[PDB]
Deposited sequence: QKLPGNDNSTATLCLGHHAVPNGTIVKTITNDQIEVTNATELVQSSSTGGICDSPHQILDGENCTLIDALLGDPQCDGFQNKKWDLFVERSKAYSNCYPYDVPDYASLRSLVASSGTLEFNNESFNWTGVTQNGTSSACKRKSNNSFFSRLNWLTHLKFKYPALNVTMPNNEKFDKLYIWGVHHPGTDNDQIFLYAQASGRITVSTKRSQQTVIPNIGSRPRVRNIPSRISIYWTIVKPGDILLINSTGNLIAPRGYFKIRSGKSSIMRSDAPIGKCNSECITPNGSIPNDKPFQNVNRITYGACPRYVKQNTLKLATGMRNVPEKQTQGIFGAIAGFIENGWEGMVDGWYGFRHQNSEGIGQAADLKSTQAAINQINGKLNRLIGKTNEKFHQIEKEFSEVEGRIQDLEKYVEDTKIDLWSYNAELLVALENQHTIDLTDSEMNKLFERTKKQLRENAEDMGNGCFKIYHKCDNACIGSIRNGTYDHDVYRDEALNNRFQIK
């Protein structure tokens, strides 16, 4: 007796987790948290973004006014969702640069349409087809006007529509390509000639081309769709002698945050900021491996399926007399991260050190706050999956996205390694600081035993040990006793 022991230590847990640092590929820590979101519910939540489920209609079918899409008239969206089951059920058509028209309508986010009174003096309006039935009757695209001859005449059309509004107008129109010369004459009363649609700033001339194409819904003819945007103070001029599928008015074109996504995920009554084709995903984590296609406030796509961020210190087994932190953790330390164990006249005890514990916890929570719940919003982007082979432009779209993903995946990998190294360093540092402060209090009254413990060379009862732990130990009170015990001749 006449001496006491005081050990400094830190906790350890039975169920640690492996993380990666700069120093170590694999190091066990007491706790970690996942930074890559890897699952979705599988449903797209209908809140807080305005979702429009296309059901059997593509956006372009909804635009033109396919009868099955009549329910979509004038609707708006943040996200238009196109289904793989979607199919057209009207006159067969193509759109040169379909992808662009789809994109610009998607981004505009509205199907608002304003009817206008075009002067079609001299032709028959409202042509119909058995290939486009509406309520069991022969019909046509709602937003288009199939003009045909009147009394076997089709006068040369030269029709104007000024934009006297403060906003832009989007006009959608078409050219009919009849399957045969018989159809050409039956419909327009004369041989086919070019169609020219112009403004002060633009001109588009299109040549109708007679001929059979493979029948689609029993139709060998085609309609080719074109568009023209007309600015305030400009004028639409339409010049034709036949084959014109005419506009009935204009679409409003807006700018904002709207987009389109291909998905078969069901739409749920729930609330989630981040939408992917697989369904909505939580956006607490900074990264995700669910889908490169996203809409809203979303984690960034990375290639990794897991990245673990340390949220506690190195986890060190307890060695099997009391002993301190040197190659030794304390599994019995459960009310703190760092603490003291002592042996004195009155027994062997343990107490947590609150200051050091809280300093480590605060710093860890600091970095969690920078990384958790901090995702940023993206809206209309580029397409990232393709159903047809196209070459150059598609090669570029793919390479852009590959490039981006690899750079983010590298950033994620480095960030987590750096953060984890910093966490191991800051938690190791709190242990070292606690030891050093204790060493300083004890002055000449103790010696360092090399194992994270001090040999205190005087009687140091429970109150004395408490004084060291609360930082009120007065070394002068004990120095005489201690020096005599230390520097005695044995």
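According to the record, no C-alpha positions are given for deposited positions 1-7, 328-333, numbered from 1.
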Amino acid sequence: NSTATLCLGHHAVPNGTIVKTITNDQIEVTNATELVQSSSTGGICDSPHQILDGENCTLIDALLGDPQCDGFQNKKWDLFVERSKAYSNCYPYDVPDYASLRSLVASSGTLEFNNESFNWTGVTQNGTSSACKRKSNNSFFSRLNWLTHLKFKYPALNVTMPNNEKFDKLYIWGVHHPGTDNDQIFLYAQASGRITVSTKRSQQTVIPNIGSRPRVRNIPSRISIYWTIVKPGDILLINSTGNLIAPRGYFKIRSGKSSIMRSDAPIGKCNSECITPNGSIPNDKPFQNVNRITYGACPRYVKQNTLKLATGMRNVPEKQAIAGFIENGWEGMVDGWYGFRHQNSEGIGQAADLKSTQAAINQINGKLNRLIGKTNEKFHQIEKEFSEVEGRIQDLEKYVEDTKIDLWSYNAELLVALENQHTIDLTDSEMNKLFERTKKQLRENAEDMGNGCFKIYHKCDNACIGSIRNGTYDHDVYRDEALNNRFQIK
From here on, numbers count along this sequence of modelled residues.
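Legend: mean Cα B-factor per stretch from the PDB entry, 458-466 versus 51-59; the higher mean is in 458-466. Mean C-alpha B-factor is higher over 184-192 than over the other stretch, the pair under comparison being 184-192 and 168-176. For the set 415, 281, 161, 302, the PDB entry assigns the largest Cα B-factor to 161.
Highest CA B-factor among 99, 225, 237, 405, as stated in the entry: 237. In this PDB entry, residue 216 carries a Cα temperature factor that places it within the highest third of its chain's modelled residues.
In the PDB entry, residue 277 places in the lowest third of its chain by CA B-factor. For residue 19, the recorded CA B-factor ranks within the lowest third of the chain. Only modelled residues enter the ranking. Residue-level temperature factors show residue 249 in the middle third of its chain, judged at the C-alpha atom.
Residue 385 sits in the lowest third of its chain by CA B factor, as recorded in the PDB entry.
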